[PDB]
file my_file30.txt (compact mmCIF, C-alpha atoms and all ligand atoms)
# COMPACT_ATOMS: atom_id res chain seq x y z
CA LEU A 1 14.51 -16.29 3.83
CA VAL A 2 16.82 -13.75 2.25
CA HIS A 3 18.18 -14.65 -1.26
CA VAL A 4 21.02 -12.38 -2.19
CA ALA A 5 22.07 -12.20 -5.79
CA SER A 6 25.65 -13.20 -6.27
CA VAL A 7 27.31 -12.65 -9.64
CA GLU A 8 28.95 -15.72 -11.25
CA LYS A 9 32.55 -15.15 -10.31
CA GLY A 10 34.47 -13.23 -12.89
CA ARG A 11 31.70 -12.92 -15.39
CA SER A 12 30.42 -9.85 -17.18
CA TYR A 13 27.87 -8.77 -19.81
CA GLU A 14 29.83 -10.27 -22.74
CA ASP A 15 29.85 -13.62 -20.93
CA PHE A 16 26.06 -13.57 -20.64
CA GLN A 17 25.48 -12.36 -24.24
CA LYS A 18 27.26 -15.44 -25.34
CA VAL A 19 24.89 -17.68 -23.40
CA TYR A 20 21.98 -15.78 -24.97
CA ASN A 21 23.55 -16.18 -28.43
CA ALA A 22 23.76 -19.94 -27.92
CA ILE A 23 20.18 -20.27 -26.83
CA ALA A 24 19.16 -18.03 -29.76
CA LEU A 25 21.11 -19.91 -32.37
CA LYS A 26 19.70 -23.13 -31.09
CA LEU A 27 16.16 -21.74 -31.28
CA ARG A 28 16.79 -20.92 -34.94
CA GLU A 29 18.11 -24.39 -35.72
CA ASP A 30 15.70 -26.73 -33.96
CA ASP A 31 12.57 -25.40 -35.55
CA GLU A 32 10.79 -28.75 -36.11
CA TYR A 33 9.70 -28.96 -32.50
CA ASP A 34 5.92 -29.18 -31.97
CA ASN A 35 4.88 -29.03 -35.60
CA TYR A 36 7.16 -26.20 -36.54
CA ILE A 37 6.27 -23.92 -33.70
CA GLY A 38 9.86 -24.13 -32.27
CA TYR A 39 10.87 -24.14 -28.63
CA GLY A 40 10.30 -20.43 -28.03
CA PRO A 41 6.95 -20.82 -26.37
CA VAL A 42 7.88 -23.74 -24.10
CA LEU A 43 10.82 -21.77 -22.84
CA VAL A 44 8.67 -18.81 -22.03
CA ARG A 45 6.46 -21.08 -20.04
CA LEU A 46 9.48 -22.66 -18.46
CA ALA A 47 10.74 -19.38 -17.13
CA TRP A 48 7.32 -18.47 -15.82
CA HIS A 49 6.81 -21.86 -14.15
CA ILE A 50 10.16 -21.80 -12.31
CA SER A 51 9.30 -18.30 -11.06
CA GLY A 52 5.66 -18.82 -10.22
CA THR A 53 6.14 -20.92 -7.20
CA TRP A 54 7.23 -17.82 -5.29
CA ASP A 55 5.33 -16.89 -2.11
CA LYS A 56 5.54 -13.25 -1.00
CA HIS A 57 4.60 -14.35 2.44
CA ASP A 58 7.72 -16.26 3.50
CA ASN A 59 9.97 -15.73 0.59
CA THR A 60 9.98 -19.42 -0.49
CA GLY A 61 9.96 -20.50 -4.22
CA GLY A 62 10.74 -18.14 -7.11
CA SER A 63 13.54 -18.40 -9.62
CA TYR A 64 16.50 -17.97 -7.34
CA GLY A 65 17.48 -21.40 -6.37
CA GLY A 66 17.02 -23.25 -9.62
CA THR A 67 15.05 -25.84 -7.83
CA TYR A 68 13.28 -26.97 -10.94
CA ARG A 69 16.29 -29.27 -11.29
CA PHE A 70 15.16 -31.45 -8.40
CA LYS A 71 12.79 -34.39 -8.86
CA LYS A 72 9.98 -33.17 -6.74
CA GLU A 73 9.70 -29.88 -8.66
CA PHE A 74 10.47 -31.42 -11.99
CA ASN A 75 7.76 -34.01 -11.61
CA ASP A 76 5.10 -31.51 -10.62
CA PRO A 77 1.99 -32.40 -12.63
CA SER A 78 1.60 -28.64 -13.35
CA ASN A 79 4.98 -28.78 -15.01
CA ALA A 80 4.01 -31.56 -17.38
CA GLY A 81 5.65 -30.95 -20.80
CA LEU A 82 8.36 -28.60 -19.39
CA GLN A 83 10.84 -31.47 -19.63
CA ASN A 84 11.16 -30.54 -23.23
CA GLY A 85 12.43 -27.06 -22.43
CA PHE A 86 14.85 -28.51 -20.01
CA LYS A 87 16.27 -30.95 -22.50
CA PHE A 88 16.68 -28.11 -24.87
CA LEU A 89 18.80 -26.19 -22.37
CA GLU A 90 21.04 -29.10 -21.21
CA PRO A 91 23.63 -28.85 -23.95
CA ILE A 92 23.68 -25.17 -23.44
CA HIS A 93 24.43 -25.70 -19.81
CA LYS A 94 27.16 -28.26 -20.59
CA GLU A 95 28.66 -25.58 -22.81
CA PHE A 96 28.62 -22.82 -20.15
CA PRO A 97 28.83 -24.75 -16.93
CA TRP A 98 29.57 -21.67 -14.84
CA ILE A 99 26.04 -20.27 -15.12
CA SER A 100 23.64 -21.06 -12.23
CA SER A 101 20.49 -23.03 -13.11
CA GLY A 102 18.04 -20.22 -12.11
CA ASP A 103 19.99 -17.79 -14.25
CA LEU A 104 19.88 -20.16 -17.31
CA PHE A 105 16.14 -20.92 -17.05
CA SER A 106 15.25 -17.35 -16.73
CA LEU A 107 17.53 -16.26 -19.45
CA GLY A 108 16.02 -18.73 -21.83
CA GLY A 109 12.69 -17.09 -21.21
CA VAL A 110 14.16 -13.71 -22.00
CA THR A 111 15.84 -14.95 -25.14
CA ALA A 112 12.71 -16.58 -26.43
CA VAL A 113 10.73 -13.49 -26.15
CA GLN A 114 13.26 -11.32 -27.83
CA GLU A 115 13.95 -13.65 -30.63
CA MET A 116 10.20 -13.97 -31.19
CA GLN A 117 10.09 -10.30 -32.02
CA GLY A 118 8.96 -9.32 -28.52
CA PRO A 119 10.10 -6.32 -26.50
CA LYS A 120 13.57 -6.18 -25.00
CA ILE A 121 13.38 -7.52 -21.41
CA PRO A 122 16.13 -6.26 -19.08
CA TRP A 123 17.65 -9.20 -17.18
CA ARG A 124 19.88 -9.67 -14.18
CA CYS A 125 22.37 -12.33 -13.27
CA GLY A 126 22.97 -13.54 -9.72
CA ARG A 127 20.70 -16.49 -8.99
CA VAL A 128 22.43 -19.13 -6.95
CA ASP A 129 21.73 -22.79 -6.94
CA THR A 130 20.18 -23.92 -3.61
CA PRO A 131 19.86 -27.42 -2.15
CA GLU A 132 17.25 -29.99 -2.85
CA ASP A 133 15.69 -29.13 0.41
CA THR A 134 14.66 -25.67 -0.66
CA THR A 135 12.43 -27.19 -3.33
CA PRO A 136 8.89 -25.97 -2.95
CA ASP A 137 6.11 -28.52 -2.70
CA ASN A 138 3.85 -29.00 -5.72
CA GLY A 139 0.65 -27.05 -5.80
CA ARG A 140 1.79 -23.46 -6.06
CA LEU A 141 1.09 -23.03 -9.86
CA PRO A 142 -2.43 -21.97 -10.97
CA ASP A 143 -5.27 -24.02 -12.17
CA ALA A 144 -6.82 -23.04 -15.48
CA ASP A 145 -10.39 -24.03 -14.81
CA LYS A 146 -11.47 -20.94 -12.84
CA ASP A 147 -12.50 -17.39 -12.97
CA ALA A 148 -11.27 -13.80 -12.61
CA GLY A 149 -11.52 -13.85 -8.87
CA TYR A 150 -9.36 -16.82 -8.69
CA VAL A 151 -6.91 -15.09 -11.01
CA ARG A 152 -6.82 -11.92 -8.98
CA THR A 153 -6.20 -13.70 -5.73
CA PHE A 154 -3.65 -16.06 -7.07
CA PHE A 155 -1.61 -13.36 -8.63
CA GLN A 156 -1.67 -11.51 -5.46
CA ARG A 157 0.59 -14.05 -3.88
CA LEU A 158 3.24 -12.90 -6.41
CA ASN A 159 2.74 -9.32 -5.82
CA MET A 160 1.03 -8.63 -9.14
CA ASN A 161 -1.81 -6.07 -9.60
CA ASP A 162 -4.48 -6.01 -12.38
CA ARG A 163 -2.35 -4.26 -15.00
CA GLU A 164 0.50 -6.74 -14.31
CA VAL A 165 -1.65 -9.89 -14.58
CA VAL A 166 -3.29 -8.74 -17.89
CA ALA A 167 0.07 -7.94 -19.36
CA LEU A 168 1.67 -11.24 -18.37
CA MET A 169 -1.36 -13.05 -19.73
CA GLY A 170 -0.69 -11.80 -23.22
CA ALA A 171 1.98 -14.51 -23.30
CA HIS A 172 -0.84 -16.72 -24.14
CA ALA A 173 -0.57 -15.54 -27.74
CA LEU A 174 2.25 -18.07 -27.89
CA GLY A 175 2.22 -21.83 -28.31
CA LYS A 176 -0.71 -24.00 -27.58
CA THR A 177 -2.25 -26.42 -25.08
CA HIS A 178 -1.50 -30.15 -25.26
CA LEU A 179 -3.99 -32.68 -24.19
CA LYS A 180 -1.48 -34.99 -22.60
CA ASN A 181 0.08 -32.22 -20.65
CA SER A 182 -2.78 -30.18 -19.25
CA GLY A 183 -6.06 -31.63 -20.27
CA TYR A 184 -6.46 -28.85 -22.87
CA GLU A 185 -5.98 -28.95 -26.59
CA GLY A 186 -5.38 -26.33 -29.39
CA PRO A 187 -3.34 -23.35 -30.45
CA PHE A 188 -4.10 -20.10 -28.61
CA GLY A 189 -3.86 -18.01 -31.79
CA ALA A 190 -2.59 -17.79 -35.31
CA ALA A 191 0.99 -16.61 -35.25
CA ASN A 192 2.03 -19.04 -32.52
CA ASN A 193 5.73 -18.14 -32.49
CA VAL A 194 5.72 -14.43 -33.16
CA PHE A 195 5.11 -12.16 -30.11
CA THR A 196 2.32 -9.65 -30.64
CA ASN A 197 -0.87 -8.36 -28.97
CA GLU A 198 -2.77 -11.05 -30.78
CA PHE A 199 -4.20 -12.40 -27.54
CA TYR A 200 -6.13 -9.28 -26.80
CA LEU A 201 -7.52 -8.97 -30.29
CA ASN A 202 -8.53 -12.58 -30.35
CA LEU A 203 -10.29 -12.19 -27.12
CA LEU A 204 -12.33 -9.21 -28.38
CA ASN A 205 -12.91 -10.31 -31.99
CA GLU A 206 -13.59 -14.06 -32.16
CA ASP A 207 -16.86 -15.84 -31.80
CA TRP A 208 -16.03 -18.20 -28.93
CA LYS A 209 -18.15 -21.19 -28.01
CA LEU A 210 -17.88 -22.98 -24.76
CA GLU A 211 -17.23 -26.67 -25.27
CA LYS A 212 -15.90 -29.75 -23.51
CA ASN A 213 -12.70 -31.40 -24.88
CA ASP A 214 -11.69 -35.01 -25.10
CA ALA A 215 -10.24 -34.59 -21.60
CA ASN A 216 -13.64 -33.61 -20.41
CA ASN A 217 -12.68 -30.09 -19.46
CA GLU A 218 -14.24 -26.98 -20.62
CA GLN A 219 -12.52 -24.74 -22.99
CA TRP A 220 -13.58 -21.82 -25.18
CA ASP A 221 -13.31 -22.67 -28.86
CA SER A 222 -13.28 -20.28 -31.75
CA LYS A 223 -14.39 -20.73 -35.32
CA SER A 224 -10.95 -19.81 -36.62
CA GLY A 225 -9.78 -22.89 -34.73
CA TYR A 226 -8.10 -21.24 -31.71
CA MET A 227 -8.69 -21.98 -28.00
CA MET A 228 -8.74 -20.01 -24.71
CA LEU A 229 -8.70 -21.43 -21.18
CA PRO A 230 -11.43 -20.49 -18.74
CA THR A 231 -8.90 -18.39 -16.86
CA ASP A 232 -8.07 -16.60 -20.10
CA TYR A 233 -11.72 -15.95 -20.95
CA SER A 234 -12.39 -14.61 -17.43
CA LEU A 235 -10.29 -11.63 -18.51
CA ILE A 236 -13.22 -10.45 -20.55
CA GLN A 237 -15.75 -11.29 -17.88
CA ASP A 238 -14.21 -8.91 -15.29
CA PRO A 239 -14.84 -5.20 -15.79
CA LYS A 240 -11.47 -4.21 -14.53
CA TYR A 241 -9.65 -6.70 -16.59
CA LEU A 242 -11.68 -5.96 -19.67
CA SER A 243 -10.71 -2.32 -19.91
CA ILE A 244 -7.11 -3.45 -19.76
CA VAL A 245 -7.55 -5.98 -22.52
CA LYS A 246 -9.06 -3.12 -24.62
CA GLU A 247 -6.05 -0.98 -24.07
CA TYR A 248 -3.64 -3.71 -25.19
CA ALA A 249 -5.82 -4.65 -28.11
CA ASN A 250 -5.45 -0.99 -29.08
CA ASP A 251 -1.83 -0.45 -28.38
CA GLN A 252 0.77 -3.18 -28.91
CA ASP A 253 3.29 -0.68 -27.86
CA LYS A 254 1.80 -0.07 -24.45
CA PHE A 255 1.46 -3.80 -23.99
CA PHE A 256 5.06 -4.49 -24.90
CA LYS A 257 6.17 -1.88 -22.36
CA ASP A 258 3.93 -3.25 -19.69
CA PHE A 259 4.83 -6.89 -20.36
CA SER A 260 8.41 -6.17 -20.29
CA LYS A 261 8.31 -4.61 -16.81
CA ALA A 262 6.09 -7.25 -15.54
CA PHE A 263 8.12 -10.09 -16.97
CA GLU A 264 11.24 -8.83 -15.33
CA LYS A 265 9.49 -8.33 -12.10
CA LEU A 266 8.15 -11.84 -12.22
CA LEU A 267 11.62 -13.26 -12.74
CA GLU A 268 13.17 -11.24 -10.00
CA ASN A 269 10.63 -12.00 -7.25
CA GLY A 270 12.33 -13.09 -4.03
CA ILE A 271 15.68 -11.74 -5.05
CA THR A 272 17.69 -9.19 -3.17
CA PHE A 273 20.18 -7.28 -5.28
CA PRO A 274 23.00 -5.61 -3.31
CA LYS A 275 23.79 -2.00 -4.08
CA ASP A 276 27.01 -2.84 -5.93
CA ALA A 277 25.35 -5.33 -8.32
CA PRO A 278 25.63 -4.54 -12.00
CA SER A 279 22.64 -2.97 -13.61
CA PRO A 280 20.32 -5.23 -15.50
CA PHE A 281 21.57 -6.24 -18.87
CA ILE A 282 19.89 -5.61 -22.22
CA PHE A 283 21.01 -8.30 -24.69
CA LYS A 284 21.29 -7.75 -28.41
CA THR A 285 19.29 -10.09 -30.65
CA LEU A 286 21.03 -12.31 -33.22
CA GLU A 287 19.71 -9.87 -35.70
CA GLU A 288 21.18 -6.87 -34.04
CA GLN A 289 24.46 -8.58 -34.02
CA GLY A 290 24.24 -9.69 -37.65
CA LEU A 291 24.44 -13.44 -36.72
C1 LIG B 301 -3.52 -18.35 -14.50
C2 LIG B 301 -2.42 -18.17 -15.19
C3 LIG B 301 -2.06 -19.30 -16.15
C4 LIG B 301 -2.59 -20.52 -16.26
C5 LIG B 301 -3.63 -21.24 -15.39
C6 LIG B 301 -1.89 -21.17 -17.34
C7 LIG B 301 -2.17 -22.43 -17.77
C8 LIG B 301 -1.55 -22.74 -18.97
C9 LIG B 301 -1.84 -24.00 -19.61
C10 LIG B 301 -2.76 -25.00 -18.92
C11 LIG B 301 -0.94 -24.19 -20.60
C12 LIG B 301 -0.77 -25.35 -21.63
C13 LIG B 301 0.38 -26.35 -21.39
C14 LIG B 301 0.35 -27.58 -22.28
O1 LIG B 301 -0.64 -28.37 -22.24
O2 LIG B 301 1.38 -27.90 -22.93
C15 LIG B 301 -0.19 -22.96 -20.72
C16 LIG B 301 0.55 -22.77 -21.86
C17 LIG B 301 1.37 -21.66 -21.93
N1 LIG B 301 1.67 -20.79 -20.91
FE1 LIG B 301 0.23 -20.39 -19.51
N2 LIG B 301 -1.06 -20.27 -17.95
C18 LIG B 301 -1.12 -19.12 -17.21
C19 LIG B 301 -0.12 -18.19 -17.13
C20 LIG B 301 0.91 -17.94 -18.00
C21 LIG B 301 1.80 -16.78 -17.98
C22 LIG B 301 1.92 -15.73 -16.83
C23 LIG B 301 2.78 -17.06 -18.85
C24 LIG B 301 4.02 -16.20 -19.17
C25 LIG B 301 4.02 -14.87 -19.04
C26 LIG B 301 2.30 -18.15 -19.70
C27 LIG B 301 2.95 -18.73 -20.77
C28 LIG B 301 2.44 -19.80 -21.48
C29 LIG B 301 3.00 -20.34 -22.70
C30 LIG B 301 3.88 -19.54 -23.65
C31 LIG B 301 2.38 -21.49 -22.94
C32 LIG B 301 2.39 -22.35 -24.20
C33 LIG B 301 3.43 -23.46 -24.04
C34 LIG B 301 3.67 -24.36 -25.22
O3 LIG B 301 3.29 -23.93 -26.35
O4 LIG B 301 4.15 -25.44 -24.80
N3 LIG B 301 1.16 -18.69 -19.14
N4 LIG B 301 -0.57 -22.09 -19.70
call {"tool": "encode", "arguments": {"input": "my_file30.txt", "output": "C-alpha cells", "more": "lines below"}}
Ligand code: HEM
result
Amino acid sequence: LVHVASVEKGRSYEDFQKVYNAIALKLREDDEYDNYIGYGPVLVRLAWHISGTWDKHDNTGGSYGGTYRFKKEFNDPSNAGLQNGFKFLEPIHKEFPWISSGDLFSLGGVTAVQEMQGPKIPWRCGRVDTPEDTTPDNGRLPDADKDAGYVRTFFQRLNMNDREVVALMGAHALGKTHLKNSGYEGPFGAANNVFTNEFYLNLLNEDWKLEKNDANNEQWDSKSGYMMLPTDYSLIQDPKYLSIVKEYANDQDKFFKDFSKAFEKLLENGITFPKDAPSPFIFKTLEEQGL
C-alpha cells in the first residue's frame, strides 16, 4: 500500500498546539486514574499499540489509518486496558473534530511523554482515517513471555535495530502491569509517572527473583516491590542488549536523544510524507507556555 500524509485542511502548527494543550491540561486534571499514576502511561502505550501493528513487508498496519477505532482492533486481547486511554481522548476529539484519529492517538503519546518530563519528540500531522476494512487482524503485537531472540526478531518487522529496541523499551519505566489486562501484576519502577532512565538502573541494580504470579505467569520480582516482564529481563541476558542498557543507565541524556528519534520513527512507520509537507512540529509544554 502507499499511505500518503495529507494535512488536515487549513490547519497549522497553532491548531495542533491547541490539541496538545487540551490533552495536557486534561492530564493535569484527571490525576486520580490508576491510584494516582494519571493517564500518561496508558497513553504512551496507546500510541505504541496503534503503531505496532505495522508490517514492513506489505505496508499494512501502523498508525496511519486510525484503525484502532474499529471493533476488531479495539477488542484485540493485546489491547486490553487501552479502552481507558481511548475514553480519555474522546472528549478531546469531540472538541477538535477536524483531527484524524491516527493523528490524535499519536499526539497523545507525544504529549504524555513531554508532560512527564521526557524529551521533546518531534511530531508530524497527516494521518488519514481509513476504512474498517484496512484494520489489521489481531496477533501483530508482541508477547511478553519470551526472550531476547524473540525481541530482536519481532522488532525487525518494524524496522528497528538493537539500539532502537533498547531505547523504546525504556518506556517501561512508566506505569505498571495489571493482572486483568495482561496476566502480569506490579509497577515497573518507583517514579511511575515521571520519565527518566530509571528502567536501565533498575535492571542493573535490583535483586530480581523469578516468580510465578496469580495468573500463573512468570515475572521477575524485586525486593523494592517492582516487576519486570521476561521480555524486559532478556535485555540483560543478551550481550548486545546489555551494553546498551549500560550506556543508558549511565547517560539519561543519550537515552532521551535515542528514545526521541526512535519514538518518532515508530509513529511514522508506513507513512509517506510528500516533499511539500510541513516539517515536524515541536510542541511547547504547558510549562513552557506558562499554563
Ligand atoms: C516486547 C515489547 C513489549 C511488550 C511484550 C510489552 C508488554 C507490555 C505489557 C504486557 C504491559 C502491561 C499492560 C497492563 O497489564 O495494563 C505493558 C505496559 C506498558 N507498555 Fe509495554 N511492552 C512492550 C513494549 C513497549 C514499548 C515499545 C512501549 C513504548 C515505547 C511500551 C509502553 C508501555 C507502557 C507505558 C505501559 C504501562 C501502561 C499502564 O501503566 O497502563 N511498552 N507492556
call {"tool": "atom_distance", "arguments": {"input": "my_file30.txt", "atom1": "atom CA of residue 129 of chain A", "atom2": "atom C10 of ligand LIG 301 (chain B)"}}
result
27.4 Å
call {"tool": "residues_around", "arguments": {"input": "my_file30.txt", "residues": "residue 54 of chain A", "least_positions_apart": "4", "cutoff": "8 Å", "atoms": "all atoms listed in the file", "output": "list in words"}}
result
residues 59, 60, 61, 62, 63, 140, 157, 158, 269 and 270 of chain A
call {"tool": "closest_residue", "arguments": {"input": "my_file30.txt", "among": "A:255, A:184, A:20, A:123", "to": "ligand LIG 301 (chain B)", "atoms": "only C-alpha atoms and all ligand atoms"}}
result
A:184
call {"tool": "atom_distance", "arguments": {"input": "my_file30.txt", "atom1": "atom CA of residue 118 of chain A", "atom2": "atom CA of residue 41 of chain A"}}
result
11.9 Å
call {"tool": "closest_residue", "arguments": {"input": "my_file30.txt", "among": "A:266, A:141, A:167, A:148", "to": "residue 109 of chain A", "atoms": "all atoms listed in the file"}}
result
A:266
call {"tool": "closest_residue", "arguments": {"input": "my_file30.txt", "among": "A:154, A:241, A:105, A:281", "to": "ligand LIG 301 (chain B)", "atoms": "only C-alpha atoms and all ligand atoms"}}
result
A:154
call {"tool": "residues_around", "arguments": {"input": "my_file30.txt", "residues": "residue 44 of chain A", "least_positions_apart": "4", "cutoff": "12 Å", "atoms": "all atoms listed in the file", "output": "PDB file with C-alpha atoms, in the frame of the given file"}}
result
ATOM      1  CA  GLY A  38       9.860 -24.130 -32.270  1.00  0.00           C
ATOM      2  CA  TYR A  39      10.870 -24.140 -28.630  1.00  0.00           C
ATOM      3  CA  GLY A  40      10.300 -20.430 -28.030  1.00  0.00           C
ATOM      4  CA  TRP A  48       7.320 -18.470 -15.820  1.00  0.00           C
ATOM      5  CA  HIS A  49       6.810 -21.860 -14.150  1.00  0.00           C
ATOM      6  CA  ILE A  50      10.160 -21.800 -12.310  1.00  0.00           C
ATOM      7  CA  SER A  51       9.300 -18.300 -11.060  1.00  0.00           C
ATOM      8  CA  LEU A  82       8.360 -28.600 -19.390  1.00  0.00           C
ATOM      9  CA  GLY A  85      12.430 -27.060 -22.430  1.00  0.00           C
ATOM     10  CA  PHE A  86      14.850 -28.510 -20.010  1.00  0.00           C
ATOM     11  CA  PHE A 105      16.140 -20.920 -17.050  1.00  0.00           C
ATOM     12  CA  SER A 106      15.250 -17.350 -16.730  1.00  0.00           C
ATOM     13  CA  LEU A 107      17.530 -16.260 -19.450  1.00  0.00           C
ATOM     14  CA  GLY A 108      16.020 -18.730 -21.830  1.00  0.00           C
ATOM     15  CA  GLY A 109      12.690 -17.090 -21.210  1.00  0.00           C
ATOM     16  CA  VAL A 110      14.160 -13.710 -22.000  1.00  0.00           C
ATOM     17  CA  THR A 111      15.840 -14.950 -25.140  1.00  0.00           C
ATOM     18  CA  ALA A 112      12.710 -16.580 -26.430  1.00  0.00           C
ATOM     19  CA  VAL A 113      10.730 -13.490 -26.150  1.00  0.00           C
ATOM     20  CA  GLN A 114      13.260 -11.320 -27.830  1.00  0.00           C
ATOM     21  CA  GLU A 115      13.950 -13.650 -30.630  1.00  0.00           C
ATOM     22  CA  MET A 116      10.200 -13.970 -31.190  1.00  0.00           C
ATOM     23  CA  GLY A 118       8.960  -9.320 -28.520  1.00  0.00           C
ATOM     24  CA  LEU A 168       1.670 -11.240 -18.370  1.00  0.00           C
ATOM     25  CA  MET A 169      -1.360 -13.050 -19.730  1.00  0.00           C
ATOM     26  CA  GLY A 170      -0.690 -11.800 -23.220  1.00  0.00           C
ATOM     27  CA  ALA A 171       1.980 -14.510 -23.300  1.00  0.00           C
ATOM     28  CA  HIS A 172      -0.840 -16.720 -24.140  1.00  0.00           C
ATOM     29  CA  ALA A 173      -0.570 -15.540 -27.740  1.00  0.00           C
ATOM     30  CA  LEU A 174       2.250 -18.070 -27.890  1.00  0.00           C
ATOM     31  CA  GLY A 175       2.220 -21.830 -28.310  1.00  0.00           C
ATOM     32  CA  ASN A 193       5.730 -18.140 -32.490  1.00  0.00           C
ATOM     33  CA  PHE A 195       5.110 -12.160 -30.110  1.00  0.00           C
ATOM     34  CA  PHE A 263       8.120 -10.090 -16.970  1.00  0.00           C
ATOM     35  CA  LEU A 267      11.620 -13.260 -12.740  1.00  0.00           C
TER      36      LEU A 267
END
call {"tool": "axis_aligned_box", "arguments": {"input": "my_file30.txt", "around": "segment 163-179 of chain A", "padding_each_side": "6 Å", "output": "JSON"}}
result
{"center_x": -0.9, "center_y": -18.5, "center_z": -21.3, "size_x": 18.2, "size_y": 40.4, "size_z": 26.0}
call {"tool": "closest_residue", "arguments": {"input": "my_file30.txt", "among": "A:159, A:232, A:89, A:249", "to": "residue 188 of chain A", "atoms": "all atoms listed in the file"}}
result
A:232
call {"tool": "atom_distance", "arguments": {"input": "my_file30.txt", "atom1": "atom CA of residue 260 of chain A", "atom2": "atom CA of residue 1 of chain A"}}
result
26.9 Å
call {"tool": "closest_residue", "arguments": {"input": "my_file30.txt", "among": "A:237, A:181, A:19, A:143", "to": "residue 83 of chain A", "atoms": "all atoms listed in the file"}}
result
A:181
call {"tool": "closest_residue", "arguments": {"input": "my_file30.txt", "among": "A:78, A:177, A:21, A:202", "to": "residue 248 of chain A", "atoms": "all atoms listed in the file"}}
result
A:202
call {"tool": "residues_around", "arguments": {"input": "my_file30.txt", "residues": "residue 273 of chain A", "least_positions_apart": "5", "cutoff": "12 Å", "atoms": "all atoms listed in the file", "output": "PyMOL selection string"}}
result
chain A and resi 2-7+64+124-127+268+278-280
call {"tool": "residues_near_point", "arguments": {"input": "my_file30.txt", "point": "(-7.5, -30.2, -26.0)", "cutoff": "10 Å", "atoms": "only C-alpha atoms", "output": "VMD selection string"}}
result
chain A and resid 176 to 187 212 to 219 221 227
call {"tool": "residues_around", "arguments": {"input": "my_file30.txt", "residues": "residue 152 of chain A", "least_positions_apart": "3", "cutoff": "12 Å", "atoms": "all atoms listed in the file", "output": "ChimeraX atom specification"}}
result
/A:142,146-149,155-166,231,234-235,238,240-241
call {"tool": "residues_around", "arguments": {"input": "my_file30.txt", "residues": "residue 98 of chain A", "least_positions_apart": "5", "cutoff": "10 Å", "atoms": "only C-alpha atoms", "output": "PyMOL selection string"}}
result
chain A and resi 8-11+93
call {"tool": "decode", "arguments": {"input": "my_file30.txt", "residues": "segment 24-38 of chain A", "atoms": "N, CA and C atoms", "output": "short mmCIF file (atom, residue, chain, number, x, y, z; two decimals), in the first residue's frame"}}
result
data_model
loop_
_atom_site.label_atom_id
_atom_site.label_comp_id
_atom_site.auth_asym_id
_atom_site.auth_seq_id
_atom_site.Cartn_x
_atom_site.Cartn_y
_atom_site.Cartn_z
N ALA A 24 -2.84 17.92 27.41
CA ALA A 24 -2.02 18.24 28.57
C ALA A 24 -2.78 18.70 29.80
N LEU A 25 -3.70 19.64 29.58
CA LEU A 25 -4.49 20.16 30.67
C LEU A 25 -5.35 19.06 31.22
N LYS A 26 -5.82 18.17 30.35
CA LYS A 26 -6.63 17.11 30.92
C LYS A 26 -5.77 16.07 31.66
N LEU A 27 -4.47 15.99 31.32
CA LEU A 27 -3.66 15.02 32.04
C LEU A 27 -3.46 15.54 33.47
N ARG A 28 -3.26 16.84 33.58
CA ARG A 28 -3.06 17.53 34.84
C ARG A 28 -4.26 17.39 35.75
N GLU A 29 -5.45 17.54 35.20
CA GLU A 29 -6.68 17.44 35.97
C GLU A 29 -7.15 16.06 36.41
N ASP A 30 -7.13 15.08 35.53
CA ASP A 30 -7.59 13.76 35.94
C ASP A 30 -6.45 12.95 36.53
N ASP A 31 -5.90 13.36 37.64
CA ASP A 31 -4.80 12.60 38.15
C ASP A 31 -5.15 11.44 39.05
N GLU A 32 -6.42 11.16 39.33
CA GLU A 32 -6.78 10.05 40.22
C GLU A 32 -6.67 8.66 39.61
N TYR A 33 -6.69 8.65 38.29
CA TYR A 33 -6.61 7.45 37.48
C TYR A 33 -5.47 6.52 37.89
N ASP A 34 -5.82 5.24 38.07
CA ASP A 34 -4.94 4.16 38.47
C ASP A 34 -4.18 4.48 39.74
N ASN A 35 -4.86 4.76 40.85
CA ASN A 35 -4.09 5.07 42.04
C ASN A 35 -3.17 6.26 41.96
N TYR A 36 -3.62 7.34 41.33
CA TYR A 36 -2.74 8.48 41.26
C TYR A 36 -1.54 8.38 40.33
N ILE A 37 -1.59 7.49 39.36
CA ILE A 37 -0.47 7.46 38.46
C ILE A 37 -0.82 8.48 37.35
N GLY A 38 -2.11 8.60 36.98
CA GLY A 38 -2.52 9.52 35.91
C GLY A 38 -2.59 8.78 34.56
#
